[PDB]
């Protein structure tokens, strides 16, 4: 019953651009990770907040990973059709507000349900819930984050849908501080329409069933994770000497 209009050439170009953008900005071999400050995992079987905050053993490495990732997200965003049509001010507002959410989205490629980890190479760059606690975060963020990762995994997104979702996430007209909400919304609509059209004509059943709505729900989930991350980041930042364990970029985006 539902019509399946074909992707317009323009929509085809948009998909090609976003796939190219992602391939240039996401390394599925994790080959740069050895350049980050080394992961350190202190003995913390009990999950002691006092100990976690006293050491922040995993923080330098995860801060470097996140900082690196923000740089990649900036590069990806610059390639979203329409993004450069925005004022610099609006571009920066969108990047700073969406960065952590896009990181959570893009991390799904490395996430595995084999053991519920982000596996980015050997035992060294395998990141578990216990590694995030060692960077000063609490289960109130990490457990819904893992749940989100599983939920996202199970949508079995085509890469086309994955890159569209990240672009839609970034170009959101409802971020605090945006100037030209109408232009951002127009850019987002073009992407949303591409995604909806793609799903309807290129995504096989039964995985296509209400997929667009499930993807929109993930965006809402990300808002919640963003809010919790920000709250926890604030508290983490109270730890004396914490700034040294972060990066200038991380400090700007989250401070």
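Positions refer to the first chain, counted from 1. The term rigid core refers to the most C-alpha atoms you can superpose between the two forms while keeping them within 1.5 Å.
ask   = Hey, after superposing on the core, which one moves around more in 8 other deposited structures of this protein, 27-35 or 198-206, CA-wise?
value = Farther from the shown form on average in 8 other deposited structures of this protein: 198-206.
message = Going by the mean C-alpha B-factor recorded in the entry, which is higher: 102-110 or 131-139?
response = Comparing 102-110 with 131-139, the higher average CA B-factor belongs to 131-139.
request  = Determine, for stretches 8-16 and 21-29, which one has the higher mean CA B-factor as deposited.
outcome  = On average, C-alpha B-factors are higher across 8-16.
query = Looking at 147, 96, 78, 126, which has the highest CA B-factor as recorded?
reply = Of 147, 96, 78, 126, 126 has the highest C-alpha B-factor.
request  = Pull the Cα B-factor of residue 58 out of the PDB entry and bin it into the chain's lowest, middle or highest third.
outcome  = It falls in the bottom third of the chain.
message = Per the entry's values, where does residue 168 land by CA temperature factor relative to the rest of its chain, in the lowest, middle or highest third?
response = For residue 168, whose C-alpha B-factor we compare with every modelled residue in the chain, the answer is the lowest third.
request  = Within this chain's modelled residues, let me know which third the CA B factor of residue 199 belongs to: lowest, middle or highest.
outcome  = It belongs to the highest third of the chain when residues are ordered by C-alpha B-factor.
query = So where's residue 178 on the chain's Cα temperature factor ranking, which third?
reply = CA B-factor rank for residue 178: highest third.
query = Where does residue 42 sit by CA temperature factor within its chain: lowest, middle or highest third?
reply = It falls in the top third of the chain.
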